[PDB]
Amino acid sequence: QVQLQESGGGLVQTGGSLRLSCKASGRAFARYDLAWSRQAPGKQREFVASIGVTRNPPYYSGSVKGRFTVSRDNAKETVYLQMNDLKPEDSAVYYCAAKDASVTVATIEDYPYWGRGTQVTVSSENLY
């Protein structure tokens, strides 16, 4: 049983960066896979990045390839999403989800534990 809270959202100029964090509360943080997802208004929620509990490299959507880095600090019960070279198309609510690493699922939508999401807006309008 784990509770998740995203933070680090904002409104950022095109070409800028953010780092989202997803803080877990509950037992055995080290036994959970964690996944980042994003949802734009009127669109299906989509996979961004996932990180496991082994040495293995994380997984990334083709939509972010190379721009994004997911990482975990097991001591801080925190997963991060560094987001570089942001574009307007990256605007969405970003969500973190957790599932026990031994459980196999067909979709990220089957992860049991979700945060409330953090809003990311990327704007080429120089209000910066």
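Residues carry their position along the shown sequence, with the first being 1.
Comparing 23-31 with 64-72, the stretch with the higher mean C-alpha B-factor in the PDB entry is 23-31.
When the mean C-alpha temperature factors of 39-47 and 90-98 are read from the deposited coordinates, 39-47 comes out higher.
In this PDB entry, the Cα temperature factor of residue 84 sits in the bottom third of its chain's modelled residues, the lowest group. Residue 117: CA B factor in the middle third of modelled residues in this chain (values from the PDB entry). Ranked within its chain, residue 13 lands in the middle third, by CA B factor from the PDB record.
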